[PDB]
């Protein structure tokens, strides 16, 4: 959790105009999805823009996710490279940034456990009604489970932009140790506690 400590410490010394610039750019970014839908076919240009969003250093670390029910607190990174997923949670690069907004759908991915790290091992313990939060800069974003689906790897029907909705889906492999399917835990934006 040193990544999280380092991230927190960095945010502590940012000007309040620093938050505003970064948050505003991320909001502007997330505005595109209402017309564009998911950006499965992301161009080099778009990928460069993406990497600059919610970035306060060169690590790719966007913030961190908290799932009290299963005792997870992990750093969130740009993209879903094997490097990222070996120790942290990845953000699917063509999905909306995890600050939500109207007509957005952010997708976060994590291995269903590795030899010495739980990651999203216990994602199956989550139930409709449960909450998680993502912390980005000085702000909190809360999501509440409203749909749980198990699907084939190529089924992207539950992973689309829905107009007038603010969604975040947590994705991992399933069954545990078999990994033939994908477990999708969708939540919608709710007010912070």
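In our numbering, the protein residues as written are 15 to 207. Just so it is clear, CB atoms sit at the ideal spot from N, CA and C, and this is done for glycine as well.
Residue range of the beta strand (DSSP E) that includes residue 60: Per DSSP, residue 60 belongs to no beta strand (DSSP E); it is in the alpha helix (DSSP H), 58-66.
Residue 15 versus residue 89: straight-line alpha-carbon distance, rounded: 8 Å
Which listed residue (107, 86, 198 and 114) has its alpha carbon closest to that of residue 101: 86
Boundaries (first-last residue) of the beta strand (DSSP E) holding residue 206: That residue, residue 206, is in no beta strand (DSSP E); it is neither H nor E in DSSP.
Per DSSP, cross-strand counterpart(s) of residue 123: 104 and 185
Pair within 8 Å by beta-carbon distance, residue 137 and residue 125: no
Pick from 26, 45 and 24 that is closest to residue 177, judged by C-alpha positions: 45
Exposed unless 16 or more other CB atoms sit within 10 angstroms - verdict on residue 180: buried
Same chain, Cβ closer than 7 Å to residue 161, five either side skipped, listed in chain order: 200
Euclidean distance between Cα positions of residue 51 and residue 174: 7 Å
Beta-carbon proximity list for residue 147, same chain, < 8 Å, skipping 5 on both sides: 79, 80, 154, 155, 156, 157 and 206
Neighbourhood of residue 182 by C-beta, 6 Å cutoff - its chain only, sequence neighbours within 5 removed: 120, 157 and 201
Contact under 8 Å by Cβ, residue 65 with residue 92: yes
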